[PDB]
Amino acid sequence: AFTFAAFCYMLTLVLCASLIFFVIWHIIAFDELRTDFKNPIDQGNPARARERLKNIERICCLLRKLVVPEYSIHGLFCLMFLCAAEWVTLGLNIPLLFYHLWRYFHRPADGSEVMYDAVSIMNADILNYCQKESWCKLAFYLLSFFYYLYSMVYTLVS
Amino acid sequence: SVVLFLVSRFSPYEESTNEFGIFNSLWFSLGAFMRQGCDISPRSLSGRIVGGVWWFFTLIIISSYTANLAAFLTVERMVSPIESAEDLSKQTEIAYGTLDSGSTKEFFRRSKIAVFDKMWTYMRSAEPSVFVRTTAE
Amino acid sequence: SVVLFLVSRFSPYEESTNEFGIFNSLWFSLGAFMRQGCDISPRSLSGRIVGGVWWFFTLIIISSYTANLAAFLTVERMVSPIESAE
Amino acid sequence: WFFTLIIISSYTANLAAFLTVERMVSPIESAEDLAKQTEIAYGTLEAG
Amino acid sequence: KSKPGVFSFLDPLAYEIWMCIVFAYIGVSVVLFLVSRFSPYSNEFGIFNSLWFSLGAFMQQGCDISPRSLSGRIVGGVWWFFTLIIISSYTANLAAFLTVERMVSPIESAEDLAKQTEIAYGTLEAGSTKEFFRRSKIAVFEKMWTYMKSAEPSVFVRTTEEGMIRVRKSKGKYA
Amino acid sequence: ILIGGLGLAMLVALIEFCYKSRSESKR
Amino acid sequence: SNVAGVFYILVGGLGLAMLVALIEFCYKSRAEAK
Amino acid sequence: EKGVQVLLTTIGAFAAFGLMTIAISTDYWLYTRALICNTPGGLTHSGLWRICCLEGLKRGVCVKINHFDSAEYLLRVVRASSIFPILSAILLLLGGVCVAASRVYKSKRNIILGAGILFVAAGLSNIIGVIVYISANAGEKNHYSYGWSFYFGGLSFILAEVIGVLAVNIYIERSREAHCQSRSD
Ligand SMILES: CC(C)CCC[C@@H](C)[C@H]1CC[C@H]2[C@@H]3CC=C4C[C@@H](O)CC[C@]4(C)[C@H]3CC[C@]12C
């Protein structure tokens, strides 16, 4: 029957669509970045160079503004599953929590002022790592969404 | 609060996110729950949907709280913690003992039912002496 | 409403009477009685005193209405029109 | 705000309790009503 | 164990009241929009914000805008009165429901069954129970016997299985 | 009802996002 | 039937508001027309 | 644009008038059980004027409803006359006529206003008729229900309010255009 855990699952199901949207936006932005990078980077025209630089900066700013909501909402999921005493889901979700914590609080870039830095961005290694991370995160969020739906239905019917 | 924040950030009225950040979203929701007012109300259909359902929820919940409290204060109901003997064996807060050197203790001692075996175990492993020397005691 | 109008007209905050004329005073009082809000609240001590006592009055009266209605709906009492011959 | 909510709800609820109980009160109107209850004592003349 | 229905929180008010509440909300919003946006005499009371204001009024929340005209204020005042009455009635009738559901003392003894009559009770037609009640010198069982042999038409029964089946079929109306 | 309204609000926000993006790209 | 009175009062207030509005509109239009 | 909005307004007026006339003439408002059905009673489907038995020996026969305390008397009178739904339909008809005129006297802008006022008033009258009907049915024989005619009336109300909104918007746009043209001239 309806209970606290089922409501938690419903709310997480509603909020995981937002994470899916965020990761889809991430991959679209990184596809645009790849289209700019793999495409010739000649900057002979000052106007063209300025436009490309401002596009890169805008995309980086968008990604930076959009990261904290994802991590904090996933932390909300973890907190909810802790309070509801749903141990399995909390165990499945802790590793991503710690990965996000590490990612946000390490700043492997030597600059260590922004997660994504326009100057450090456009690097093939960093670009490809971000692309792969985003794709894996999208897969994880889809799987977790379907798992949450199944658990919600299971808890309701019983 | 989170949904209002998202809906107002990435689908703003068009500015519309300096109002209805996370902090001000929490504040708006809290002021709604407590039947107070608001220094800001959403202008977009999505934020307004969120606010409307939150308002309905708040109304129902406050009404239910007041009504059930009126019930509680109108009708006194004292529930006995115990309505059987198994309830008494499971409980450890309540202590129980018979009259020492009597037929009741002899009954519990030689018992074969599980519940009374558990009671006998407790009474034999009880500190201080649950047992008694007289009925009036 | 009348007292708020007077207090705000001849002892304004210092303007303060284009707000809290008679019409807007009636509106403020009505919004107070119905537990709604206000597009204006008094800034002077006298208007604020008036508003505070009106607020207390409204709170008590609404609570009393709801409580006595709960009583009515909880306990049915049918009174016979007649208890004697006179 | 939380304090206000609790206090106003409690006031309304306890007032409803007061009025409801004051509306339940059925006075004595027969020998049976006196018989079942015991909050009031009843006695007649010793000899009669 | 009566499983409370989802949307049992609407039980204090009948379906018709909710229906007409919706209808009155729509009418109030339209009349507000009209009487605010007809006279080429600005006003923030379109049809979207009229609906918003009416909804917030119904929930005793209030919103940013408020009418400034005489007609709009008449509309808002009557809507406010309606909201007040309706919300108070909902709370009061819910309190009534819960209080009554808290008074309910089930049958737990012969006396509780004896005084009440909403439930009928009868034993086997021929047996020691009928004789025990008939030949009883006790007050409570005397009252039971006085009730017994009444026009159930037949509280009594011929077979015990018959009594069990009758109790099972009756929705708590037989003991 | 609350969960349904939250989901509907997300959906409507997505619709508004697409609509506004198209109208702006027109501009 | 318990709360029909508030519905009647509300609809009366709506009709009254509409009538007041039309009266003000006619009066103002006539005044500004001169 | 203005043309499509006027088209929707006229279509809504026609549809609402038709639905309300259907609901008034139709006798499928309430499904209940009544004592006068030839066997608490037999199933009946009723309306505003007459009642018809179904699933009974007197199946298919429809008989005029036998109506009949000053307020109760007034309520019974109003329910019998059904003047409020009829007024709603009449006002919808007049509003549609005014709209059609607005399609001719494009100069006179105070016509598509009367149409909106009439539509809104018709919606109010329908609300009142619904309230009266529901109140009068009650008395002091269960599991009753409402039929598709009742919901036709509700749909008529909703459509009337919508088309009143559209007509008022049309008046707004037209008056704004004329006033801006005049002032700029
Ligand atoms: C849990 C998800 C969302 C994020 C963390 C998962 C880890 C294991 C993922 C995120 C990014 C991934 C890397 C992305 C890019 C490459 C390409 C190549 O060099 C080999 C694998 C390698 C190096 C991946 C290894 C696995 C990796 C480190």
# chains A, B, ... in the order shown; residues from 1 in each chain; ligands from 1
>>> residues_near_ligand(ligand="ligand 1", cutoff="8 Å", atoms="only C-alpha atoms and all ligand atoms", output="ChimeraX atom specification")
/A:95-96,99,125,128-138,140
>>> write_last_selection(atoms="C-alpha atoms", output="compact mmCIF listing (two decimals), in the first residue's frame")
# COMPACT_ATOMS: atom_id res chain seq x y z
CA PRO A 95 29.09 5.39 -5.57
CA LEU A 96 27.78 8.04 -7.96
CA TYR A 99 32.14 10.22 -7.77
CA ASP A 125 41.46 14.20 -23.91
CA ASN A 128 36.41 12.82 -24.93
CA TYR A 129 36.42 12.07 -21.20
CA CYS A 130 33.50 14.44 -20.67
CA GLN A 131 31.61 12.90 -23.59
CA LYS A 132 32.07 9.36 -22.28
CA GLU A 133 31.18 10.40 -18.73
CA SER A 134 28.00 12.09 -19.94
CA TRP A 135 26.96 9.05 -21.98
CA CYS A 136 27.55 6.63 -19.10
CA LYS A 137 25.69 8.98 -16.75
CA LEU A 138 22.74 9.10 -19.15
CA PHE A 140 22.80 5.15 -15.45
>>> residues_around(residues="region 76-91 of chain B", least_positions_apart="5", cutoff="7 Å", atoms="only C-alpha atoms", output="compact mmCIF listing (two decimals) with N, CA and C atoms, in the first residue's frame")
# COMPACT_ATOMS: atom_id res chain seq x y z
N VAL B 115 4.30 -19.93 25.33
CA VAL B 115 4.22 -18.61 25.95
C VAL B 115 4.54 -18.70 27.43
N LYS B 118 8.17 -19.24 28.10
CA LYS B 118 8.90 -17.97 28.05
C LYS B 118 8.70 -17.17 29.33
N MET B 119 7.46 -17.11 29.82
CA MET B 119 7.20 -16.39 31.07
C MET B 119 7.98 -17.01 32.22
>>> atom_distance(atom1="CA of residue 95 (chain E)", atom2="CA of residue 39 (chain D)")
29.1 Å
>>> residues_around(residues="residue 113 (chain E)", least_positions_apart="2", cutoff="12 Å", atoms="only C-alpha atoms", output="JSON, numbers by chain")
{"E": [105, 106, 107, 108, 109, 110, 111, 115, 116, 117, 118, 119, 120, 121, 122, 140, 141, 143, 144, 147, 173, 174, 175]}
>>> write_last_selection(atoms="N, CA and C atoms", output="PDB file, in the first residue's frame")
ATOM      1  N   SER E 105     -17.784   2.631  20.064  1.00  0.00           N
ATOM      2  CA  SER E 105     -17.407   1.568  20.982  1.00  0.00           C
ATOM      3  C   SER E 105     -18.060   0.279  20.510  1.00  0.00           C
ATOM      4  N   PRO E 106     -17.306  -0.694  20.006  1.00  0.00           N
ATOM      5  CA  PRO E 106     -17.942  -1.910  19.494  1.00  0.00           C
ATOM      6  C   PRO E 106     -18.615  -2.698  20.602  1.00  0.00           C
ATOM      7  N   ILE E 107     -19.265  -3.798  20.249  1.00  0.00           N
ATOM      8  CA  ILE E 107     -19.838  -4.684  21.251  1.00  0.00           C
ATOM      9  C   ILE E 107     -18.708  -5.439  21.929  1.00  0.00           C
ATOM     10  N   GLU E 108     -18.724  -5.453  23.258  1.00  0.00           N
ATOM     11  CA  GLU E 108     -17.711  -6.158  24.027  1.00  0.00           C
ATOM     12  C   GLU E 108     -18.291  -6.924  25.204  1.00  0.00           C
ATOM     13  N   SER E 109     -19.612  -6.980  25.345  1.00  0.00           N
ATOM     14  CA  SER E 109     -20.234  -7.619  26.492  1.00  0.00           C
ATOM     15  C   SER E 109     -21.710  -7.827  26.194  1.00  0.00           C
ATOM     16  N   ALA E 110     -22.370  -8.558  27.092  1.00  0.00           N
ATOM     17  CA  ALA E 110     -23.796  -8.811  26.933  1.00  0.00           C
ATOM     18  C   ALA E 110     -24.608  -7.536  27.102  1.00  0.00           C
ATOM     19  N   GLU E 111     -24.154  -6.625  27.964  1.00  0.00           N
ATOM     20  CA  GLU E 111     -24.898  -5.394  28.203  1.00  0.00           C
ATOM     21  C   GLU E 111     -24.933  -4.519  26.955  1.00  0.00           C
ATOM     22  N   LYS E 115     -28.652  -3.309  25.495  1.00  0.00           N
ATOM     23  CA  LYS E 115     -29.276  -1.991  25.398  1.00  0.00           C
ATOM     24  C   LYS E 115     -29.550  -1.617  23.947  1.00  0.00           C
ATOM     25  N   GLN E 116     -28.560  -1.780  23.075  1.00  0.00           N
ATOM     26  CA  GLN E 116     -28.739  -1.403  21.683  1.00  0.00           C
ATOM     27  C   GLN E 116     -29.729  -2.343  21.004  1.00  0.00           C
ATOM     28  N   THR E 117     -30.242  -1.899  19.858  1.00  0.00           N
ATOM     29  CA  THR E 117     -31.134  -2.722  19.055  1.00  0.00           C
ATOM     30  C   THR E 117     -30.844  -2.644  17.564  1.00  0.00           C
ATOM     31  N   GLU E 118     -29.835  -1.880  17.140  1.00  0.00           N
ATOM     32  CA  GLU E 118     -29.492  -1.821  15.726  1.00  0.00           C
ATOM     33  C   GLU E 118     -29.039  -3.172  15.194  1.00  0.00           C
ATOM     34  N   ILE E 119     -28.633  -4.082  16.075  1.00  0.00           N
ATOM     35  CA  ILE E 119     -28.229  -5.430  15.704  1.00  0.00           C
ATOM     36  C   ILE E 119     -29.159  -6.415  16.394  1.00  0.00           C
ATOM     37  N   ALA E 120     -29.556  -7.452  15.665  1.00  0.00           N
ATOM     38  CA  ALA E 120     -30.423  -8.491  16.195  1.00  0.00           C
ATOM     39  C   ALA E 120     -29.581  -9.675  16.645  1.00  0.00           C
ATOM     40  N   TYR E 121     -30.017 -10.329  17.719  1.00  0.00           N
ATOM     41  CA  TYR E 121     -29.319 -11.494  18.237  1.00  0.00           C
ATOM     42  C   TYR E 121     -30.320 -12.579  18.594  1.00  0.00           C
ATOM     43  N   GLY E 122     -30.044 -13.797  18.148  1.00  0.00           N
ATOM     44  CA  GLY E 122     -30.910 -14.925  18.438  1.00  0.00           C
ATOM     45  C   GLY E 122     -30.123 -16.213  18.442  1.00  0.00           C
ATOM     46  N   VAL E 140     -30.116  -8.575  32.982  1.00  0.00           N
ATOM     47  CA  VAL E 140     -29.708  -8.369  31.595  1.00  0.00           C
ATOM     48  C   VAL E 140     -30.303  -9.447  30.702  1.00  0.00           C
ATOM     49  N   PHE E 141     -30.204 -10.705  31.126  1.00  0.00           N
ATOM     50  CA  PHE E 141     -30.754 -11.785  30.319  1.00  0.00           C
ATOM     51  C   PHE E 141     -32.275 -11.764  30.336  1.00  0.00           C
ATOM     52  N   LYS E 143     -33.915  -8.924  30.171  1.00  0.00           N
ATOM     53  CA  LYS E 143     -34.159  -7.960  29.103  1.00  0.00           C
ATOM     54  C   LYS E 143     -33.951  -8.599  27.737  1.00  0.00           C
ATOM     55  N   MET E 144     -32.910  -9.422  27.605  1.00  0.00           N
ATOM     56  CA  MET E 144     -32.677 -10.131  26.351  1.00  0.00           C
ATOM     57  C   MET E 144     -33.878 -10.987  25.982  1.00  0.00           C
ATOM     58  N   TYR E 147     -36.701  -8.937  24.761  1.00  0.00           N
ATOM     59  CA  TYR E 147     -36.443  -8.714  23.343  1.00  0.00           C
ATOM     60  C   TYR E 147     -36.604 -10.001  22.548  1.00  0.00           C
ATOM     61  N   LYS E 173     -25.378  -7.210  11.031  1.00  0.00           N
ATOM     62  CA  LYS E 173     -26.704  -6.963  11.574  1.00  0.00           C
ATOM     63  C   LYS E 173     -27.242  -8.129  12.392  1.00  0.00           C
ATOM     64  N   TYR E 174     -26.493  -9.224  12.511  1.00  0.00           N
ATOM     65  CA  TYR E 174     -26.898 -10.357  13.328  1.00  0.00           C
ATOM     66  C   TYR E 174     -25.746 -10.795  14.217  1.00  0.00           C
ATOM     67  N   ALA E 175     -26.075 -11.162  15.452  1.00  0.00           N
ATOM     68  CA  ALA E 175     -25.117 -11.711  16.402  1.00  0.00           C
ATOM     69  C   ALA E 175     -25.659 -13.026  16.933  1.00  0.00           C
TER      70      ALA E 175
END
>>> residues_around(residues="region 39-43 of chain C", least_positions_apart="2", cutoff="10 Å", atoms="only C-alpha atoms", output="CSV table (one decimal) with N, CA, C and O atoms, in the first residue's frame")
chain,number,residue,atom,x,y,z
C,4,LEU,N,-9.8,53.9,10.6
C,4,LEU,CA,-8.6,53.9,9.8
C,4,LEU,C,-8.5,55.0,8.8
C,4,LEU,O,-7.5,55.7,8.6
C,8,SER,N,-5.7,57.9,9.1
C,8,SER,CA,-4.8,58.0,8.0
C,8,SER,C,-4.9,59.3,7.3
C,8,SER,O,-3.9,59.8,6.6
C,12,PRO,N,-1.5,61.5,9.0
C,12,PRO,CA,-0.8,60.6,8.1
C,12,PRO,C,0.6,60.4,8.4
C,12,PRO,O,1.2,61.1,9.2
C,13,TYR,N,1.2,59.3,7.8
C,13,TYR,CA,2.6,59.0,8.0
C,13,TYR,C,3.5,60.2,7.4
C,13,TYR,O,4.5,60.5,8.0
C,14,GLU,N,3.1,60.7,6.3
C,14,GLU,CA,3.8,61.8,5.7
C,14,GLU,C,5.2,61.3,5.2
C,14,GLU,O,6.2,62.1,5.4
C,16,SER,N,-0.2,59.5,2.0
C,16,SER,CA,-0.7,58.6,3.0
C,16,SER,C,-2.2,58.5,3.1
C,16,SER,O,-2.7,57.7,3.8
C,19,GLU,N,-3.6,56.5,-0.2
C,19,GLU,CA,-3.7,55.2,0.3
C,19,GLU,C,-4.5,55.3,1.6
C,19,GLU,O,-4.2,56.1,2.5
C,20,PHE,N,-5.4,54.4,1.8
C,20,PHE,CA,-6.3,54.4,3.0
C,20,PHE,C,-7.3,55.5,3.0
C,20,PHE,O,-7.5,56.2,4.0
C,24,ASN,N,-10.4,52.1,0.1
C,24,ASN,CA,-9.3,51.2,0.3
C,24,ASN,C,-9.3,50.7,1.8
C,24,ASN,O,-8.8,49.6,2.1
C,25,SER,N,-9.8,51.5,2.7
C,25,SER,CA,-9.9,51.1,4.1
C,25,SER,C,-10.9,50.0,4.2
C,25,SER,O,-10.6,49.0,4.9
C,27,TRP,N,-11.7,47.9,1.9
C,27,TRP,CA,-11.1,46.8,1.2
C,27,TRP,C,-10.1,46.1,2.1
C,27,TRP,O,-10.0,44.9,2.2
C,28,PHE,N,-9.2,46.9,2.8
C,28,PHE,CA,-8.2,46.3,3.7
C,28,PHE,C,-8.9,45.5,4.8
C,28,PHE,O,-8.5,44.4,5.2
C,31,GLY,N,-10.4,42.3,3.5
C,31,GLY,CA,-9.4,41.3,3.3
C,31,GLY,C,-8.9,40.7,4.6
C,31,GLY,O,-8.5,39.5,4.6
C,37,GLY,N,-4.9,38.5,2.3
C,37,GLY,CA,-3.8,39.4,2.5
C,37,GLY,C,-4.1,40.9,2.4
C,37,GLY,O,-5.3,41.3,2.7
C,45,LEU,N,1.4,54.2,13.8
C,45,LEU,CA,1.1,53.4,15.0
C,45,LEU,C,-0.4,53.3,15.2
C,45,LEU,O,-0.9,52.3,15.7
C,46,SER,N,-1.1,54.4,14.9
C,46,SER,CA,-2.6,54.4,15.1
C,46,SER,C,-3.3,53.4,14.2
C,46,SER,O,-4.1,52.6,14.6
C,47,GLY,N,-3.0,53.5,12.9
C,47,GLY,CA,-3.5,52.6,11.9
C,47,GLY,C,-3.1,51.2,12.2
C,47,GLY,O,-3.9,50.2,12.0
C,48,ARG,N,-1.9,51.0,12.7
C,48,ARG,CA,-1.4,49.6,13.0
C,48,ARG,C,-2.2,49.1,14.3
C,48,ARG,O,-2.4,47.9,14.3
C,49,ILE,N,-2.5,50.0,15.2
C,49,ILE,CA,-3.3,49.5,16.4
C,49,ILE,C,-4.7,49.1,15.9
C,49,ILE,O,-5.2,48.0,16.3
C,50,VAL,N,-5.3,49.9,15.0
C,50,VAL,CA,-6.6,49.5,14.5
C,50,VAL,C,-6.5,48.2,13.8
C,50,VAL,O,-7.3,47.3,14.0
C,51,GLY,N,-5.5,48.0,12.9
C,51,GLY,CA,-5.3,46.7,12.2
C,51,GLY,C,-5.1,45.6,13.1
C,51,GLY,O,-5.7,44.5,12.9
E,62,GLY,N,-3.8,34.3,-1.2
E,62,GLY,CA,-3.5,35.6,-1.8
E,62,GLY,C,-2.4,35.6,-2.7
E,62,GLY,O,-1.5,34.8,-2.6
E,63,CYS,N,-2.4,36.6,-3.7
E,63,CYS,CA,-1.3,36.6,-4.7
E,63,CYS,C,-0.9,38.1,-4.7
E,63,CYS,O,-1.2,38.9,-3.9
E,64,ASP,N,0.0,38.4,-5.7
E,64,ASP,CA,0.6,39.7,-5.8
E,64,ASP,C,-0.5,40.8,-6.2
E,64,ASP,O,-0.6,41.8,-5.5
E,65,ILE,N,-1.3,40.5,-7.2
E,65,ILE,CA,-2.3,41.5,-7.6
E,65,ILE,C,-3.5,41.5,-6.8
E,65,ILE,O,-3.8,40.5,-6.1
E,66,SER,N,-4.3,42.6,-6.8
E,66,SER,CA,-5.5,42.7,-6.1
E,66,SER,C,-6.4,43.7,-6.9
E,66,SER,O,-5.8,44.7,-7.4
E,67,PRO,N,-7.7,43.5,-7.0
E,67,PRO,CA,-8.5,44.5,-7.7
E,67,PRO,C,-8.5,45.9,-7.1
E,67,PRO,O,-8.2,46.1,-5.9
E,68,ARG,N,-8.7,46.9,-8.0
E,68,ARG,CA,-8.8,48.2,-7.6
E,68,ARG,C,-10.1,48.9,-7.9
E,68,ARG,O,-10.4,50.0,-7.4
>>> interface_residues(of="chain B", to="chain A", cutoff="10 Å", atoms="only C-alpha atoms", output="VMD selection string")
chain B and resid 2 to 3 5 to 7 10 22
>>> write_last_selection(atoms="N, CA, C and O atoms", output="PDB file, in the first residue's frame")
ATOM      1  N   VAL B   2      12.283  22.330  -5.320  1.00  0.00           N
ATOM      2  CA  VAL B   2      13.235  21.992  -6.373  1.00  0.00           C
ATOM      3  C   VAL B   2      12.593  22.138  -7.746  1.00  0.00           C
ATOM      4  O   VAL B   2      13.194  22.685  -8.677  1.00  0.00           O
ATOM      5  N   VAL B   3      11.374  21.626  -7.901  1.00  0.00           N
ATOM      6  CA  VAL B   3      10.705  21.684  -9.196  1.00  0.00           C
ATOM      7  C   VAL B   3      10.419  23.126  -9.582  1.00  0.00           C
ATOM      8  O   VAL B   3      10.547  23.506 -10.750  1.00  0.00           O
ATOM      9  N   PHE B   5      12.194  25.704  -8.658  1.00  0.00           N
ATOM     10  CA  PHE B   5      13.496  26.244  -9.022  1.00  0.00           C
ATOM     11  C   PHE B   5      13.863  25.878 -10.452  1.00  0.00           C
ATOM     12  O   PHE B   5      14.254  26.741 -11.247  1.00  0.00           O
ATOM     13  N   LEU B   6      13.730  24.600 -10.804  1.00  0.00           N
ATOM     14  CA  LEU B   6      14.082  24.155 -12.148  1.00  0.00           C
ATOM     15  C   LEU B   6      13.205  24.825 -13.192  1.00  0.00           C
ATOM     16  O   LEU B   6      13.699  25.396 -14.174  1.00  0.00           O
ATOM     17  N   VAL B   7      11.891  24.744 -13.000  1.00  0.00           N
ATOM     18  CA  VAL B   7      10.934  25.298 -13.942  1.00  0.00           C
ATOM     19  C   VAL B   7      11.139  26.790 -14.135  1.00  0.00           C
ATOM     20  O   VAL B   7      10.885  27.321 -15.221  1.00  0.00           O
ATOM     21  N   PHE B  10      15.158  27.161 -16.045  1.00  0.00           N
ATOM     22  CA  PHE B  10      15.340  26.751 -17.431  1.00  0.00           C
ATOM     23  C   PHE B  10      14.124  27.006 -18.312  1.00  0.00           C
ATOM     24  O   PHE B  10      14.219  26.826 -19.530  1.00  0.00           O
ATOM     25  N   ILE B  22      16.669  28.667  -5.522  1.00  0.00           N
ATOM     26  CA  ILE B  22      16.340  27.610  -4.576  1.00  0.00           C
ATOM     27  C   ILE B  22      15.935  28.204  -3.233  1.00  0.00           C
ATOM     28  O   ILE B  22      14.968  27.757  -2.607  1.00  0.00           O
TER      29      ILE B  22
END
>>> atom_distance(atom1="CA of residue 152 (chain H)", atom2="CA of residue 120 (chain H)")
17.1 Å
>>> select_by_dssp(residues="region 8-85 of chain C", states="alpha helix (DSSP H)", output="PyMOL selection string")
chain C and resi 8-10+22-33+45-74
>>> residues_around(residues="residue 37 (chain H)", least_positions_apart="5", cutoff="10 Å", atoms="only C-alpha atoms", output="number ranges by chain")
H: 42-44, 51-59, 61
>>> interface_residues(of="chain B", to="chain D", cutoff="8 Å", atoms="only C-alpha atoms", output="ChimeraX atom specification")
/B:34,36,65-67,69-71,73-74
>>> closest_residue(among="H:171, H:133, H:148, H:157", to="chain G", atoms="only C-alpha atoms")
H:133
>>> atom_distance(atom1="CA of residue 35 (chain E)", atom2="CA of residue 159 (chain H)")
19.1 Å
>>> interface_residues(of="chain A", to="chain F", cutoff="12 Å", atoms="only C-alpha atoms", output="PDB file with C-alpha atoms, in the first residue's frame")
ATOM      1  CA  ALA A   6       6.608   4.730  -2.345  1.00  0.00           C
ATOM      2  CA  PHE A   7       6.261   8.511  -2.182  1.00  0.00           C
ATOM      3  CA  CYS A   8      10.047   8.834  -2.160  1.00  0.00           C
ATOM      4  CA  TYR A   9      10.188   6.648  -5.266  1.00  0.00           C
ATOM      5  CA  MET A  10       7.525   8.741  -7.007  1.00  0.00           C
ATOM      6  CA  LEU A  11       9.340  11.982  -6.238  1.00  0.00           C
ATOM      7  CA  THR A  12      12.692  10.577  -7.376  1.00  0.00           C
ATOM      8  CA  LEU A  13      11.013   9.332 -10.553  1.00  0.00           C
ATOM      9  CA  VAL A  14       9.743  12.844 -11.242  1.00  0.00           C
ATOM     10  CA  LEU A  15      13.132  14.401 -10.471  1.00  0.00           C
ATOM     11  CA  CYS A  16      15.197  11.932 -12.530  1.00  0.00           C
ATOM     12  CA  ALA A  17      13.661  13.311 -15.718  1.00  0.00           C
ATOM     13  CA  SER A  18      15.484  16.527 -14.834  1.00  0.00           C
ATOM     14  CA  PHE A  21      17.431  16.459 -19.416  1.00  0.00           C
TER      15      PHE A  21
END
>>> residues_around(residues="region 9-13 of chain G", least_positions_apart="4", cutoff="9 Å", atoms="only C-alpha atoms", output="VMD selection string")
(chain E and resid 24 27 to 28 74 to 75 77 to 79 81 to 82) or (chain G and resid 4 to 5 17 to 18) or (chain H and resid 124 to 125 127 to 128)
>>> residues_around(residues="residue 115 (chain A)", least_positions_apart="2", cutoff="12 Å", atoms="only C-alpha atoms", output="ChimeraX atom specification")
/A:60-68,100-113,117-121,126,130
>>> interface_residues(of="chain C", to="chain E", cutoff="12 Å", atoms="only C-alpha atoms", output="PyMOL selection string")
chain C and resi 19+23-24+26-40+58+61-76
>>> closest_atom_pairs(of="chain B", to="chain F", cutoff="8 Å", atoms="only C-alpha atoms", output="JSON lines")
{"residue": "B:3", "atom": "CA", "partner": "F:6", "partner_atom": "CA", "distance": 6.9}
{"residue": "B:7", "atom": "CA", "partner": "F:13", "partner_atom": "CA", "distance": 5.9}
{"residue": "B:10", "atom": "CA", "partner": "F:17", "partner_atom": "CA", "distance": 7.3}
{"residue": "B:11", "atom": "CA", "partner": "F:17", "partner_atom": "CA", "distance": 5.4}
{"residue": "B:45", "atom": "CA", "partner": "F:12", "partner_atom": "CA", "distance": 7.6}
{"residue": "B:46", "atom": "CA", "partner": "F:9", "partner_atom": "CA", "distance": 4.4}
{"residue": "B:47", "atom": "CA", "partner": "F:9", "partner_atom": "CA", "distance": 6.9}
{"residue": "B:49", "atom": "CA", "partner": "F:9", "partner_atom": "CA", "distance": 6.1}
{"residue": "B:50", "atom": "CA", "partner": "F:6", "partner_atom": "CA", "distance": 5.9}
{"residue": "B:53", "atom": "CA", "partner": "F:2", "partner_atom": "CA", "distance": 5.5}
{"residue": "B:54", "atom": "CA", "partner": "F:2", "partner_atom": "CA", "distance": 6.8}
{"residue": "B:57", "atom": "CA", "partner": "F:2", "partner_atom": "CA", "distance": 7.2}
>>> write_last_selection(atoms="N, CA, C and O atoms", output="short mmCIF file (atom, residue, chain, number, x, y, z; two decimals), in the first residue's frame")
data_model
loop_
_atom_site.label_atom_id
_atom_site.label_comp_id
_atom_site.auth_asym_id
_atom_site.auth_seq_id
_atom_site.Cartn_x
_atom_site.Cartn_y
_atom_site.Cartn_z
N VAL B 3 11.37 21.63 -7.90
CA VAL B 3 10.70 21.68 -9.20
C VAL B 3 10.42 23.13 -9.58
O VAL B 3 10.55 23.51 -10.75
N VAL B 7 11.89 24.74 -13.00
CA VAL B 7 10.93 25.30 -13.94
C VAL B 7 11.14 26.79 -14.13
O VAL B 7 10.88 27.32 -15.22
N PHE B 10 15.16 27.16 -16.05
CA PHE B 10 15.34 26.75 -17.43
C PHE B 10 14.12 27.01 -18.31
O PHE B 10 14.22 26.83 -19.53
N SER B 11 12.99 27.41 -17.74
CA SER B 11 11.83 27.85 -18.52
C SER B 11 11.27 29.13 -17.91
O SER B 11 10.13 29.17 -17.45
N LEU B 45 3.01 29.34 -16.34
CA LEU B 45 1.99 28.32 -16.13
C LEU B 45 2.52 27.14 -15.34
O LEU B 45 1.79 26.55 -14.54
N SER B 46 3.78 26.77 -15.56
CA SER B 46 4.34 25.63 -14.86
C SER B 46 4.56 25.92 -13.38
O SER B 46 4.16 25.13 -12.50
N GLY B 47 5.16 27.07 -13.07
CA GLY B 47 5.31 27.46 -11.68
C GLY B 47 3.97 27.63 -11.00
O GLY B 47 3.82 27.30 -9.82
N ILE B 49 1.20 26.00 -11.78
CA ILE B 49 0.69 24.65 -11.53
C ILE B 49 1.28 24.10 -10.24
O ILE B 49 0.57 23.55 -9.38
N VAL B 50 2.60 24.22 -10.10
CA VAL B 50 3.27 23.75 -8.90
C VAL B 50 2.68 24.43 -7.67
O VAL B 50 2.35 23.78 -6.67
N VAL B 53 -0.97 23.15 -6.81
CA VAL B 53 -1.04 21.84 -6.17
C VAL B 53 -0.48 21.91 -4.76
O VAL B 53 -1.00 21.27 -3.84
N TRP B 54 0.58 22.69 -4.56
CA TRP B 54 1.10 22.88 -3.21
C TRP B 54 0.06 23.53 -2.30
O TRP B 54 -0.06 23.18 -1.12
N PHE B 57 -2.53 20.93 -1.35
CA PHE B 57 -1.93 20.05 -0.36
C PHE B 57 -1.92 20.70 1.01
O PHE B 57 -2.33 20.08 2.01
#
